[PDB]
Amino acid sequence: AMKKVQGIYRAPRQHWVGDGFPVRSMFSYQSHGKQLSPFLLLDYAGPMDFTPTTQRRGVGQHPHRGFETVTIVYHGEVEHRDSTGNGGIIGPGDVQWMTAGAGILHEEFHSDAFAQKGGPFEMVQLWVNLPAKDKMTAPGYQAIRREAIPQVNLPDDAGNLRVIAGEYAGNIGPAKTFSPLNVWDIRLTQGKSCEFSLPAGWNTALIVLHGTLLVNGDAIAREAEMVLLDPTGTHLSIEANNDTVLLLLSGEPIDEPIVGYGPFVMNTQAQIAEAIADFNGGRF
């Protein structure tokens, strides 16, 4: 039962989010919500080399409600601060899994050490929706160190797979999840292939960061391109026509309505108009 390729998408125009994040936006819920549940958004920042500066490049403080933001750093360093009294820097290999939930107020920027030295900068920020019963859950954070994320070798010297969230071959990703899903960081060596089995009905997407991937023997994906698969199927194949770096996102759909606006993604317009009212008063 092959997870058919249902769509493949060319690389978007890169655009600036603040002054620290040059992102190519892979998908957004308003057109991909039903298709990609539980995932809501994926920004691919960089790769871009920054020079030394005294500036603090990044994004200003802004609210979030009703979902989770995941930062996956490949190069560079980002400090995050949230109103839950929390903070910290996330570096190469590190992951942060922030639950905004009932409401959070965060800014993210280049760490002071990265500002001083500069260098290559590359990361992925992913939005993960919450079940309706947890939309007003308490905001929290998980700082996950590179050393805490499994790194399995694929068979036949095909490359690596890092389980950020979910499970693969008995390795449970360190990221806690309200909903069944996988977030996999895959490195694949040229001329090697691997097959995967995934749950039936799980919405699945592949995103190539580097290299040239052959998907299901049918679709060729390249840098900053997205593969959207048939959820009904159960298995999957990838071959790297070039040394590839990709993300595999899968997950059990959340069969609940999505009503979102900007930084608020809720279930009802009344909850959206409610969030816009809570933020303009100062509840956040």
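Residue numbers run from 1 along the displayed sequence.
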- Message: So, looking at the entry's B-factor column for Cα atoms, which has the higher mean, 118 to 126 or 188 to 196?
- Response: 188 to 196
- 50 to 58 versus 212 to 220: which one carries the higher mean Cα B factor per the record? 212 to 220
- Would you mind checking which of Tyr74, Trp202, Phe109, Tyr141 has the top Cα temperature factor in the PDB entry? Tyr141
- Message: Comparing recorded Cα B-factors across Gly91, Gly87, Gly173, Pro180, which one is largest?
- Response: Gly87
- Going by the recorded CA B-factors, say which third of the chain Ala100 sits in, lowest, middle or highest. middle
- Looking at the entry's B-factor column for C-alpha atoms only, identify whether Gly33 ranks in the lowest, middle or highest third of its chain. highest
- Note on the structure: Temperature factor at the Cα of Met136, chain-ranked in thirds, falls in the highest
- Task: Would you check the entry's CA temperature factor for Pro257 and let me know if it's in the chain's lowest, middle or highest third?
- Result: middle
- Query: According to the PDB entry, is the CA B factor of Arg81 in the bottom, middle or top third of its chain, that is, lowest, middle or highest?
  - Reply: highest
